[PDB]
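A.B. asks:
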Amino acid sequence: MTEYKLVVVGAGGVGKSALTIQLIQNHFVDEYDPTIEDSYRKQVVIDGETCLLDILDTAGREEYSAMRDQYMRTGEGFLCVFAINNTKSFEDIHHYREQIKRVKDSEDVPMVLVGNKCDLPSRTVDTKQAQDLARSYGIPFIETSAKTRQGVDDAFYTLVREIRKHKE
Ligand SMILES: Nc1nc2c(ncn2[C@@H]2O[C@H](COP(=O)(O)OP(=O)(O)NP(=O)(O)O)[C@@H](O)[C@H]2O)c(=O)[nH]1
Ligand SMILES: [Mg+2]
Numbered sequence: 066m067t068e069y070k071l072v073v074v075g076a077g078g079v080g081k082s083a084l085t086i087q088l089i090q091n092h093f094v095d096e097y098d099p100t101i102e103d104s105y106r107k108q109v110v111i112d113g114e115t116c117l118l119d120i121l122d123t124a125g126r127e128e129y130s131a132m133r134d135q136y137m138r139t140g141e142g143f144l145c146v147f148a149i150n151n152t153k154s155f156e157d158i159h160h161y162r163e164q165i166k167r168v169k170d171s172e173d174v175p176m177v178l179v180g181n182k183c184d185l186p187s188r189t190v191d192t193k194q195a196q197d198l199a200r201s202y203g204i205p206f207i208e209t210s211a212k213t214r215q216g217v218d219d220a221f222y223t224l225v226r227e228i229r230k231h232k233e
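Numbering (our numbering), first residue to last: 66 to 233.
#1: Please classify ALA131 as buried or exposed, where buried requires at least 16 neighbouring CB atoms within 10 angstroms.
#2: Under 8 Å: do the region 108-123 and the region 165-181 share three or more Cβ pairs, one atom per stretch?
#3: Between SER82 and ligand 2, is there a pair consisting of the residue's CB and a ligand heavy atom that are separated by less than 6 Å?
#4: Report whether the distance from the Cβ of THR209 to the nearest heavy atom of ligand 2 is below 6 Å.
#5: Give every residue of the same chain whose Cβ lies closer than 6 Å to the Cβ of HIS231, excluding the five residues on either side of it in the sequence, and list them in chain order.
#6: Can you list, in chain order, the residues of its chain with a C-beta nearer than 7 Å to that of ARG133? Leave out the 5 residues immediately preceding and following it.
#7: Any chance the CB of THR213 is under 6 Å from a heavy atom of ligand 2?
#8: Just tell me which of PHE143, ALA124, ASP197, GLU127 has its CA closest to the CA of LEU118.
#9: With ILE86 as the anchor, note down where its beta strand (DSSP E) starts and where it stops.
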């Protein structure tokens, strides 16, 4: 059983914790309880293999930015999450990707672009915008809803596959 060190990143309130708690506990956290940092562990089957997911749920609040360097060193793949109704969180992705490449000293780091809250009406970030960003970064782009569970498994399983190829 291969362990995978996933890190969920993104601006405050985009749904990083809700996506994680949905994946591992199958329930939707309705209240906004801002994260500092929490670790989770979930065993799954992806492409006929048993793997353990080591998931770090990080803080979007800028006040805790001093924790980023340490978790970008140890993590192996990054779920970069924005909310489809938060233009700033989409723009923040550039800044996360840059800091990750800096700390990894590499232009090829496993990551997946996640546009969350797709259950909502009147998104301010259209799909075409996010596709072009992800294509330019050379990473997958998956639309999710932590509330309905749409795309949650797909987002985490795709990141596992990205880490799988980088190691091999
Ligand atoms: N409608 C909708 N609401 C969502 C979705 N995901 C999260 N939310 C809601 O948005 C709020 C923030 O979610 P949360 O997961 O705590 O965000 P976070 O990115 O972990 N915030 P922090 O960086 O402060 O921990 C909560 O009220 C939550 O219920 C989603 O897919 N759809
Ligand atoms: Mg959180």
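Each residue gets a CB set at the ideal place from its N, CA and C atoms; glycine is no exception.
C.D. replies: The answer reads as follows:
#1: exposed
#2: no
#3: yes
#4: no
#5: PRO175
#6: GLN164
#7: no
#8: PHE143
#9: Per DSSP, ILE86 belongs to no beta strand (DSSP E); it is in the alpha helix (DSSP H), 81-90.
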